[PDB]
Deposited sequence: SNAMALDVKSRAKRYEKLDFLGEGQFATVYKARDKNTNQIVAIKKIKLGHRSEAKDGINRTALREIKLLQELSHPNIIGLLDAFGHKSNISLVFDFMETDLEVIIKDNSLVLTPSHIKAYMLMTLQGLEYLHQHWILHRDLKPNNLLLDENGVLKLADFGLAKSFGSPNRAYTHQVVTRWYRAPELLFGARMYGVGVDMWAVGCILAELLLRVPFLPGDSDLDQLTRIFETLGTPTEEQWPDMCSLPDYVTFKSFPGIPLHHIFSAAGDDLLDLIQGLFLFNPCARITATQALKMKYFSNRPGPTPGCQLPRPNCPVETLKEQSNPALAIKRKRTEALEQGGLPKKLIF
């Protein structure tokens, strides 16, 4: 082909990834539906904070996708103890994530797999949403989705309660979890099961009531829990300023409709207050 392998990068359930000349190649059913999903969605999206699909090719039913080559991801930076995540760095990461997400939501697509390893950084410090193998368009009334989407640690309570129809709240809740992981340097809600995930959610954030989630009980896999008081957000995030706590609260609102959208998050005072986001070129490099 027109690409030559340089080094091996990683291996997944759906594919293997290798560096090439510089790009990253992700090498009776026919062509794999996850690869086709990535192709069909990324061909229609062009934004600085969304992974760029440059080429696709293969033979028979085996297909390879070509992407821009990224250096790291948010999981690596979070897990790196030799990197201090200053408030400016956190704001910059959140800003790029939210700008890519605002673009994606405007084109009626949900990522549905948001987590630190799916937020890739290039050498210039540009964050890009990646791994669109679970992404799906939203807004149609007659389409039904599955509630198993998103990694469990970053799954929204509406998903954990069995919501088939949902909106941008799934991505925004995952964004709140990513923000909390950035602040604490550990997964915010590390559940071992769906039941344990919901238990950790309600133990940390308080058990939601019918007032803060009016149709909570109508979700399929809804079950009554103990009425946990939760922990004050300033107790969880002792170094969070009031604006950042407001952003976190908006992202962690139980009601998905009331949960802030990407545009509303971008308009919040947290992003306009001092300090400004770190320029991508100065973001930490592990």
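Q: If you line up the deposited sequence with the model, which stretches have no C-alpha coordinates?
A: Seq positions lacking coordinates: 1-12, 34-39, 46-54, 314-349.
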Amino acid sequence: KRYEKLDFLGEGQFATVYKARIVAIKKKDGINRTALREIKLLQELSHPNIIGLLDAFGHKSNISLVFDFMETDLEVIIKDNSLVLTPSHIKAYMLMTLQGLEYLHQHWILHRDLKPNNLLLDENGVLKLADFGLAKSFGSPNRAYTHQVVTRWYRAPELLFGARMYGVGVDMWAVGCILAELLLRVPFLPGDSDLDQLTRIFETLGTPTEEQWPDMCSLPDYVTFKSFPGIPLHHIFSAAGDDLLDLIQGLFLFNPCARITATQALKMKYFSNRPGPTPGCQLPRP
From here on, numbers count along this sequence of modelled residues.
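C-alpha atoms forming the largest set that superposes within 1.5 Å between two forms make up the rigid core.
Q: Aligning on the core, I want to see which stretch wanders more in 4 other deposited structures of this protein. Is it 1-9 or 275-283 by C-alpha RMS?
A: Per-stretch check in 4 other deposited structures of this protein: the more divergent one is 1-9.
Q: Root mean square C-alpha distance from this form after a core fit in 4 other deposited structures of this protein: higher for 59-67 or for 247-255?
A: With the rigid core fitted, 59-67 is the stretch that strays more in 4 other deposited structures of this protein.
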